[PDB]
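We use all heavy atoms of the structure for the numbers below, so side chains are in, but hydrogens, waters and symmetry mates are not. Numbers restart at 1 for each chain; the letters A, B, ... are given by sequence-line order, proteins then strands.
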Amino acid sequence: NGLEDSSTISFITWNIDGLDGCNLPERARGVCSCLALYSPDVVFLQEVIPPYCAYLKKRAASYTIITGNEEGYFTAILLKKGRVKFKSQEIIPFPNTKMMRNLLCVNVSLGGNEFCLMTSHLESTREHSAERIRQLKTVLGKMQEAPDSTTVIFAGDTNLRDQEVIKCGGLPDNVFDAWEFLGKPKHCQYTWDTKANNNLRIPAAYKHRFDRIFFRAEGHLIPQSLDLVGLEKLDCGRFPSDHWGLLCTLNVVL
DNA sequence: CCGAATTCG
Ligand SMILES: [Mg+2]
């Protein structure tokens, strides 16, 4: 990362399925190999568990780890040492969650710009749609409340179905979805796909765009690319996770 | 963490 690339922020968002204990150390090594290949400035993770934090300290040692809770399973935001300056951590509760979900925010400086970086793992399954929608509203509200000077990026596992975003009030006028902004490219549309991914051993073919990136911006933040990661089977014959990860690059413009 | 079917409280 040199002078030429200094206007850009790169990141990965990935639900890494720490609730699956089987082959977890090898799968963590697979996630870390991906981080080494692309060297993102920031990593947003969901379903981290305490042992997984130890694997990241060993095989992703160039990242500072900020977590959404201490026990059970939780989200994390990883910041590249020497690139990102950590300013503060905020956690916003979801009072009606039945799955210990919340909103994790980290305020940082990167590339001479101020950012509020946010992640969450919204309430899972079709049955919990009403609570998922209430949580999405909490997230969007927090994005809007940020100081006008700051660049806000949310990346996480939303568990959203398209019909649910419409029920919420659509994305607000100054908030954009990176995949939509880039023209809805087919190569990275689905992030959870049981035809292509065997980790859950589901004997059926369903696919969803559960993992999403929202940003608040006029002309000041411009997505450059979006691609999937984690599509290679590991030595054990399984993937790093039941989800694919997303690799995104954005340009910060005067 | 799908969704249809089933069983539990
Ligand atoms: Mg999961």
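For the pair A:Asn159 CG and B:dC1 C1', the computed distance is 8 Å after rounding to whole Å. One interatomic measurement links the two molecules: CZ of A:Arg126 to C1' of B:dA5, which rounds to 13 Å at whole-angstrom precision. Regarding A:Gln163, its CD atom lies at a distance of 17 Å from the P atom of B:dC2, rounded to whole Å. Going from atom CD1 of A:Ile202 over to atom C1' of B:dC2 covers 5 Å, rounded to whole Å. As rounded to whole Å, 6 Å separates atom P of B:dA4 from atom OH of A:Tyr206. Rounding to whole angstrom units, CD of residue A:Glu164 and P of B:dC2 are separated by 11 Å. Summarising the geometry, the separation between CE on A:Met99 and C1' on B:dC1 is reported as 10 Å, rounded to the nearest angstrom. Rounding to whole angstrom units, CD of residue A:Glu127 and P of B:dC2 are separated by 7 Å.
No more than 12 heavy atoms of other residues, nucleotides or ligands lie within 6.0 Å of NZ in A:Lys85, so this atom counts as exposed by the packing criterion.
Between A:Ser124 and B:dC1 there is a side-chain N or O to OP1 or OP2 distance below 4.0 Å. Distances shorter than 4.0 Å separate none of the side-chain N or O atoms of A:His243 from OP1 or OP2 on B:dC2. For B:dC2, one of the phosphate oxygens OP1 or OP2 lies less than 4.0 angstrom from a side-chain nitrogen or oxygen of A:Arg161.
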Given the rule that a pair is Watson-Crick or G-U wobble with both distances under 3.5 Å, how would you write DNA chain B in dot-bracket, using | for pairs to a different strand? .........
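Within 4.0 Å (heavy atoms only), A:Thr194 reaches no atom of the nucleic acid at all. Among the atoms of the strands shown, none is found under 4.0 Å from any heavy atom of A:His128. If you check every strand for non-hydrogen atoms under 4.0 Å, A:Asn15 touches sugar and phosphate atoms only. Looking at heavy-atom distances under 4.0 Å, A:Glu47 makes contact with sugar-phosphate atoms alone, never a base. At the heavy-atom level, A:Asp20 lies nowhere under 4.0 Å from the strands shown.
In summary, the side chains of A:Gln135 and A:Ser120 do not present any donor paired with an acceptor at a separation below 3.5 Å, with no hydrogens or angles considered.
For the pair A:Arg209 and A:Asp177, the salt-bridge criterion is met [side-chain N within less than 4.0 Å of a carboxylate O].
A cation-pi geometry, defined here as NZ or CZ lying under 6.0 Å from the six-membered ring centre and within 45° of its normal, does not hold between A:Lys81 and A:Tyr63.
Linking ILVMFWY residues whenever their side-chain heavy atoms come closer than 4.5 Å, directly or via other members, places A:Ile12 and A:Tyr52 in the same cluster.
Looking at residues two or more places apart in sequence or on another chain, you find no salt bridge (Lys or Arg N to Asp or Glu O under 4.0 Å) involving A:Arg161. Residues satisfying the salt bridge (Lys or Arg N to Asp or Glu O under 4.0 Å) criterion with A:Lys142, sequence neighbours excluded, are A:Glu90.
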